[PDB]
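Q: The structure is given below, and queries will be raised subsequently.
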Amino acid sequence: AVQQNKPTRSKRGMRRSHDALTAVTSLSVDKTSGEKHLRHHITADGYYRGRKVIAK
Amino acid sequence: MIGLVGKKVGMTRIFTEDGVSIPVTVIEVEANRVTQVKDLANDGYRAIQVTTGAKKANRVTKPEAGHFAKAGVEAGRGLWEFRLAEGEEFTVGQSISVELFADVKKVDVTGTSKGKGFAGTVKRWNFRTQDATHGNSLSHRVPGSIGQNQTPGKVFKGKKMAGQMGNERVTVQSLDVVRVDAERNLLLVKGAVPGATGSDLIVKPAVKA
Amino acid sequence: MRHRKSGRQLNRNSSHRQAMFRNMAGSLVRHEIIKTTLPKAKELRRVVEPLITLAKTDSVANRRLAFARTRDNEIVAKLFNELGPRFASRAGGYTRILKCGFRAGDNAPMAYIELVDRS
Amino acid sequence: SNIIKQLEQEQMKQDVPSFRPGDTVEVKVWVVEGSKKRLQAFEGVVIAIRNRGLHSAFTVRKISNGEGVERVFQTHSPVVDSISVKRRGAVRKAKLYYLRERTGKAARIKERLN
Amino acid sequence: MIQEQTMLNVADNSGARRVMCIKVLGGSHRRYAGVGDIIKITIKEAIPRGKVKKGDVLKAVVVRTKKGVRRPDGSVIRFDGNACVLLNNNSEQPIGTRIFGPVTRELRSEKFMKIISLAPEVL
RNA sequence: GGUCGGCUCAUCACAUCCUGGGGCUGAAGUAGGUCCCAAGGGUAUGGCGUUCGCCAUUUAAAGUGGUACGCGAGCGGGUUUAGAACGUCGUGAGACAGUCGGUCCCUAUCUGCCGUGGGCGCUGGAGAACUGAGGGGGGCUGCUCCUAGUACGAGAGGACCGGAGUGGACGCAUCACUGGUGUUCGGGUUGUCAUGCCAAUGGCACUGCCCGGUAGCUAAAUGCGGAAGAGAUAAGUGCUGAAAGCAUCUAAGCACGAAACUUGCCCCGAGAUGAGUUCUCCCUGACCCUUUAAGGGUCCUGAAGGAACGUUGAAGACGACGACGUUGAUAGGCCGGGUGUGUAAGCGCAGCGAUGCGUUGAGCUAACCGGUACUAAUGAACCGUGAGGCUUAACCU
RNA sequence: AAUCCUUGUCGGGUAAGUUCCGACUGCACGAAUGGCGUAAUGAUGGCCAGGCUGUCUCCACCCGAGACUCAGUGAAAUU
RNA sequence: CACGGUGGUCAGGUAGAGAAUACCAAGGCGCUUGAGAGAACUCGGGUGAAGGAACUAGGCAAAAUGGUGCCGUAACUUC
RNA sequence: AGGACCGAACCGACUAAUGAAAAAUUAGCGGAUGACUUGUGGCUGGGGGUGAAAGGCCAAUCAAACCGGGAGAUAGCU
């Protein structure tokens with residue numbers, strides 16, 4: 002139910018070893034608009050694999 | 001004696017002329033082909049390594065390709081070893097067929113069972129459920145006690161508990177071999193053998209017999 | 001476990017789920033493009049496309065069936081008079097998913113689902 | 002699969018007549034006793050059919066010697082010699098399990114004419 | 001699929017209408033008795049003047065079950081009620097002289113040959 | 001400054017209940033008695049707060065103990081609060097191991113255990129297949145038949161040894177069958193609201209109430225298992241054989257001997273840091289720099305392979321594992337089939353009508369089967385480098 | 001018996017009944033701190049039967065809410 | 001605490017004995033974290049072969065019964 | 001007619017499982033023309049009240065309420 006000894010700061014650190022985030026490996030560049038975006042997602046302007054899939 | 005690497009096709013049934021229905025697992029045993037022949041001198045033991053099936057030339061890797069190339073054989077879906085007995089010779093390119101099983105009466109089929117995932121003790125270990133009523137509080141399928149007080153003051157190793165169930169190698173033994181069909185590359189053995197449809201199966205002649 | 005099982009539950013009971021698919025599909029039909037969570041969008045393909053298929057063969061019975069499925073007459077009309085003859089030639093694949101990042105309020109992955117012959 | 006199908010079809014009988022639920026059928030079955038095969042009939046109402054090619058079955062119910070008896074024949078088994086429809090019944094269900102809790106006059110099933 | 005506390009009907013003419021199973025014989029922990037399986041029974045309801053009498057503890061052999069029996073071809077035979085034939089505790093041959101209702105090929109053996117002979121229909 | 005019993009889970013001892021091996025017997029046989037070895041596995045359901053016990057019916061057997069009289073941070077009949085009463089004791093308040101009612105909390109830090117990953121290591125890197133140090137699982141037993149109504153015995157009765165079948169309990173797998181489930185399929189039907197109304201549909205009433213039921217998952221369903229064999233032994237039996245002219249199973253030597261032990265069967269397993277083996281694949285460039293060594297740095301270079309992203313899976317809590325990514329069937333859709341339901345709607349006929357009949361085994365049909373690029377799986381980018389230390393030996397020249 | 005010995009003994013009920021019902025040496029019933037009966041009534045105590053059933057043999061599957069993962073917020077006992 | 005308690009008045013429709021219940025009107029709301037996933041286990045539900053109290057201290061809990069009309073209804077009774 | 005019966009409101013709280021809640025929930029359960037229930041106001045005060053009696057209740061407090069005072073009670077105890 003509850004601890005008998007305050008765990009150390011070292012212990013805490015160890016525990017949070019794995020808590021670290023992974024940055025996106027590399028963004029993709031759209032062939033037409035030249036603007037960066039996540040793989041397989043449309044761009045902010047609304048291009049995907051060249052063609053303008055959605056109007057702004 | 002060596003074994004073969006089939007694939008589980010499905011189950012069906014063979015009616016006998018006598019009246020009896022025999023429940024069979026259809027194992028498709030396409031031509032297993034030798035890749036490597038190990039020995040006491042180089043590798044430290046006699047065995048053959050075989051492959052089977054096809055594989056995408058674009059999805060077989062370089063090292064994999066090279067191994068196959070050396071053998072002088074097509075790239076199959078895997079590699080499997082079989083220890084050789086005294087007086088069992090095999091050449092490297094050689095293709096073994098289900099024809100091999102025509103003489104045998106029983107087989108040990110081996111394969112990876114279906115995966116139940118995280119299973120509780122009731123499913124995994126046949127633990128008896130606790131009472132469904134009569135006051136029982138939040139403890140119907142829970143595993144009950146797991147030890148003794150103070151001595152030993154620890155749970156013993158191997159305690160039966162919940163956990164990953166299935167998706168593991170299992171060998172059924174002494175399955176009677178009903179039909180060897182060299183034409184259609186089939187082997188019918190009586191009874192259920194492990195794993196799902198499409199799964200690889202290692203068939204061997206039965207060790208106990 | 002769920003070996004070989006179809007369908008997303010979507011943390012809803014069955015009736016509710018059905019309702020939402022009816023609505024969502026209808027909306028899609030109306031607008032030819034909607035933004036929605038990705039899983040939901042995926043699910044929708046198996047409601048809308050069948051409706052579209054049904055709409056190809058124009059009959060009274062078919063129309064009735066469509067209505068039952070959807071329950072907006074306008075939507076049905078759209079399906080039968082516009083979309084069926086538009087997709088007449090097309091064998092399946094009437095719709096299209098387009099992943100479009102992440103929703104602000106709950107980091108849910110969104111995606112535009114749109115009819116194929118929209119633009 | 003394909004292979005399985007192939008295996009099955011070369012075991013199926015080609016002479017199974019068309020019967021439905023509600024029909025009164027007469028199934029002749031082989032019976033071994035000592036060293037003499039003999040044919041035993043089982044007339045009754047077909048309450049259920051299961052269609053699964055080689056694994057097709059049908060369940061015939063009769064009232065022998067007071068006791069109600071159901072018997073589930075595997076349709077393509079060689080233990081059944083001949084199926085034969087004596088009478089054809091007009092019912093509106095695929096399965097007449099309601100007849101388990103009906104007797105005599107209640108368990109009548111009108112004849113399917115034409 | 002008969003077990004302790006299951007009430008069977010009686011196929012023979014020994015006197016008992018209704019008997020209860022109090023033990024499935026032939027093994028430690030043995031759960032169920034099917035057809036051809038000897039059970040220990042108690043007589044719960046009997047006719048006024050029969051051979052047996054109410055509250056008699058004695059053996060019986062199960063001859064029909066509602067669960068039913070499989071044959072090698074995969075067929076199953078079921079019945080509408082679970083029935084047995086009462087037997088002597090020692091000799092284990094039937095008390096009754098006349099079997100009512102159909103019985104099964106499962107039952108035929110040097111043990112229960114009499115019963116089969118008696119029976120109107122063997123399925 | 002958590003004390004009975006029950007349940008659930010056990011684990012160990014052997015002073016052994018069953019099964020196994022043996023000596024003696026007041027052991028003819030069958031069945032027993034008793035002692036010795038043996039802890040591999042097994043070792044009952046019910047009737048009447050209990051443990052126990054008695055009784056019923058089984059069983060090969062229903063072992064005896066330890067484990068905080070094992071187990072309440074795993075789950076209240078009894079004793080042991082407050083209410084009430086009987087008997088009894090007390091003048092009385094009250095009292096009695098004398099006799100209806102009455103709150104059982106805790107989200108797990110560490111150890112431990114069951115599963116499952118991330119890191120680094122294993123000395124260039126990578127992809128595979130192994131060996132197997134070690135560890136774990138498994139090890140129960142009935143009945144019937146034959147041998148043989150033989151041996152034995154006055155009869156009654158009735159074998160050892162050895163073989164064959166079929167069960168019980170337990171375990172593993174599996175879904176072909178028999179079934180369960182199947183709020184994602186089809187249908188019936190009550191009340192009510194809606195779609196303008198009829199007809200037809202949908203909502204809500206536990207899936208409104210039901211009847212069927214696909215795939216999956218599943219047991220009651222159906223396959224398989226316990227072994228044989230080998231080695232070394234236990235008690236025990238001996239062989240040859242002195243010490244002790246004899247005798248003696250032993251002191252030298254030799255042999256047999258049991259579910260125990262080691263193997264043999266199944267699973268994990270090289271973090272086995274003692275970090276193993278085999279096969280295959282990949283990288284064969286420049287110059288600075290000095291605190292000159294397995295040193296640091298800048299340009300070029302970026303392999304094998306990996307990861308990531310996406311479509312996903314009889315894999316799965318998440319990671320992981322598997323499949324596939326247009327040189328493509330990975331998923332969805334579509335086509336055909338199958339399965340399920342049980343003759344849709346609309347129209348026509350018959351009927352005063354409810355309804356029936358025809359079109360029509362129709363319509364609709366999830367997770368199935370076989371196909372099909374219609375939709376989605378992007379050209380890339382990212383990590384990973386650039387021949388791999390020293391010392392000895394043996395070889396090659 | 002709202003009686004130690006005691007699971008008294010006999011009978012009934014059950015295959016089997018320390019409970020229950022009926023009867024026969026009051027450890028230590030007993031007559032308004034009432035005795036013995038009693039129809040009706042009781043979320044009252046005990047016992048038996050019919051029906052019913054996942055209570056159980058012995059669990060299986062399914063539908064939802066949590067648990068698990070992601071994003072936002074963000075406690076507690078204890079030490 | 002943006003968390004159970006709180007007197008009066010108003011009382012539509014269809015079904016119904018009804019202010020019960022079900023579906024609706026007028027009117028008012030979706031309950032101030034969402035998104036996925038579809039393990040164990042917990043909660044709240046549904047169905048279950050054969051058996052049917054064998055469960056348990058105890059049928060606890062579930063299951064079942066369930067309406068109107070008519071026929072019919074024992075002991076015992078303070079009638 | 002009825003401290004009559006079945007049954008919503010209303011009053012209660014026998015069984016059950018389960019902080020939103022310092023006693024609730026959902027599912028059932030009892031009474032429901034009466035010794036009923038309820039609103040508003042009033043009265044009874046601490047060895048005192050009230051009590052169809054449980055040592056119950058008297059502001060989440062009861063074998064003698066709360067607040068302040070005697071008061072730094074006393075404590076051979078921790």
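Residue numbers (the entry's author numbering), protein chains in the order written: chain i, 2 to 57; chain j, 1 to 209; chain w, 1 to 119; chain y, 2 to 115; chain t, 1 to 123.
All residues carry an ideal CB built from backbone N, CA and C; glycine is no exception.
1. Taking only heavy atoms of the ligand SAH into account, decide whether any of them is closer than 7 Å to the Cβ of t:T65.
2. Could you spell out where the beta strand (DSSP E) holding j:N32 opens and where it closes?
3. Which residue from i:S34, i:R40, i:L39 puts its Cα closest to that of i:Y48?
4. State the Cα-Cα distance for the pair t:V62 and t:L8, rounded to the nearest angstrom.
5. Who are the Cβ neighbours of w:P39 in its own chain at under 6 Å, not counting the five residues just before and after it?
6. Shorter than 8 Å from the beta carbon of t:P72 to some beta carbon of chain j?
7. Let me know if j:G76 comes out buried or exposed under the rule of 16 or more other beta-carbons within 10 Å of its beta-carbon.
8. Please report the straight-line C-alpha distance between j:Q150 and j:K159, rounded to a whole angstrom.
9. Hey, would you say j:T52 sits closer than 8 Å to j:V9, going by beta carbons?
10. Cβ of j:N32 within 8 Å of Cβ of j:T112?
11. Report all residues from its chain with a CB closer than 6 Å to the CB of y:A91; omit the five preceding and five following residues, and keep chain order.
12. I believe t:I95 touches t:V52 by the beta-carbon criterion, under 8 Å. Please report the beta-carbon distance rounded to the nearest angstrom.
13. Are the CB atoms of y:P18 and y:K94 within a distance shorter than 8 Å?
14. On a Cα-Cα basis, can you pick out the residue from j:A162, j:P63, j:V155 that is closest to j:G117?
15. For j:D18 and y:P79, I'd like the C-alpha separation in whole angstroms.
16. Pick out the complete alpha helix (DSSP H) segments inside the region 45-93 of chain j, 4 residues or longer, and give them in chain order.
17. How would you list, in chain order, the residues of chain y whose beta-carbon sits under 7 Å from the beta-carbon of t:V76?
18. Could you tell me if i:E36 is buried or exposed, where buried requires 16 or more neighbouring beta carbons within 10 angstroms of its beta carbon?
19. Measure the C-alpha to C-alpha separation of w:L83 and w:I113 and round it to an integer number of angstroms.
20. Anything in chain i within Cβ reach of w:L98, meaning under 7 Å, just list it in chain order.
21. Using the C-alpha atoms, what's the distance from y:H56 back to j:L100?
22. Just to confirm before moving on: does the CB-CB distance between y:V81 and y:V28 stay below 8 Å?
23. Out of w:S15, w:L54, w:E49, state which residue places its alpha-carbon closest to the alpha-carbon of w:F80.
24. Residues of chain t with a CB under 7 Å from the CB of y:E27: which are they?
25. Got a sec? Which residues, its chain only, sit under 6 Å from w:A108 by beta carbon, not counting five neighbours each side?
26. Which same chain residues, not among the five before or five after y:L97, have their C-beta less than 6 Å away from its C-beta?
27. Which residues of the region 45-74 of chain y have a Cβ closer than 7 Å to any Cβ of chain t? Give them in chain order.
28. Compute the Euclidean distance between the alpha carbons of j:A132 and t:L107, then round it to the nearest angstrom.
29. Should t:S75 go down as buried or exposed, given a rule of 16 or more other Cβ atoms within 10 Å for buried?
30. Step through the CB atoms of chain y and report whether any lies within less than 8 Å of the CB of j:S21.
31. Between y:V80 and chain t, is there a C-beta pair that is closer than 8 Å?
32. Tell me the rounded alpha-carbon separation between w:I52 and w:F87.
33. For y:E9, return the contacting residues in chain j, with the cut-off set at a CB-CB distance below 7 Å.
34. For the beta strand (DSSP E) containing t:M1, list its first residue and its last residue.
35. Classify residue 125 of chain w as buried or exposed, calling it buried when 16 or more other Cβ atoms lie within 10 Å of its own Cβ.
36. On the three-state DSSP scale, how would you describe t:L25?
A: Result, derived from the coordinates:
1. In the structure on display, the ligand SAH does not appear, and there are no ligands present to speak of.
2. 32-38 is the extent of the beta strand (DSSP E) around j:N32.
3. For i:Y48, the nearest C-alpha among the options comes from i:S34.
4. The straight-line gap separating the alpha-carbon atoms of t:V62 and t:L8 is approximately 9 Å.
5. Closer than 6 Å at Cβ, skipping near neighbours: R8.
6. Yes, contact with chain j.
7. With 16 or more other Cβ atoms within 10 Å, it is buried.
8. Each residue's alpha carbon lies about 17 Å from the other.
9. The answer is no: Cβ separation not under 8 Å.
10. Using a Cβ distance threshold of 8 Å, j:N32 and j:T112 do not count as a contacting pair.
11. Within the same chain, y:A91 has close Cβ partners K111, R113.
12. At roughly 6 Å, the Cβ-Cβ gap stays under 8 Å, so t:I95 and t:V52 are in contact.
13. Cβ distance not < 8 Å, so y:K94 and y:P18 don't count as in contact.
14. Comparing Cα positions, the closest option is j:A162.
15. A straight line joining the alpha-carbon of j:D18 with that of y:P79 spans about 8 Å.
16. Correct list: 62-71.
17. Correct list: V73.
18. By the neighbour-count definition (other C-beta atoms within 10 Å, threshold 16), i:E36 is an exposed residue.
19. Approximately 16 Å, taken between the alpha carbons.
20. Chain i residues near w:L98: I43, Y49, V54.
21. Each residue's alpha carbon lies about 31 Å from the other.
22. Closer than 8 Å, so yes.
23. It is w:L54.
24. Within chain t, no residue comes near y:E27; the closest Cβ sits about 15 Å away, beyond 7 Å.
25. Result list for w:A108: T37, in chain order.
26. In its chain, beyond the 5 residues on either side, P22, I48 have a beta carbon closer than 6 Å to the beta carbon of y:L97.
27. Cβ contacts with chain t: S65, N66, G67, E68, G69, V70, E71, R72, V73, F74.
28. Whole-angstrom Cα-Cα distance: 39 Å.
29. Label assigned to t:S75: buried.
30. Yes, j:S21 lies at the interface with chain y (some Cβ there is under 8 Å from its Cβ).
31. At least one chain t Cβ lies under 8 Å of y:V80.
32. So the alpha carbons of these two residues sit roughly 8 Å apart.
33. The contacting residues are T12.
34. Here t:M1 belongs to no beta strand (DSSP E), and DSSP marks it neither H nor E.
35. As shown, chain w starts at 1 and ends at 119. That puts residue 125 of chain w outside it, with no answer to give.
36. Note: t:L25 maps to coil in three-state DSSP.
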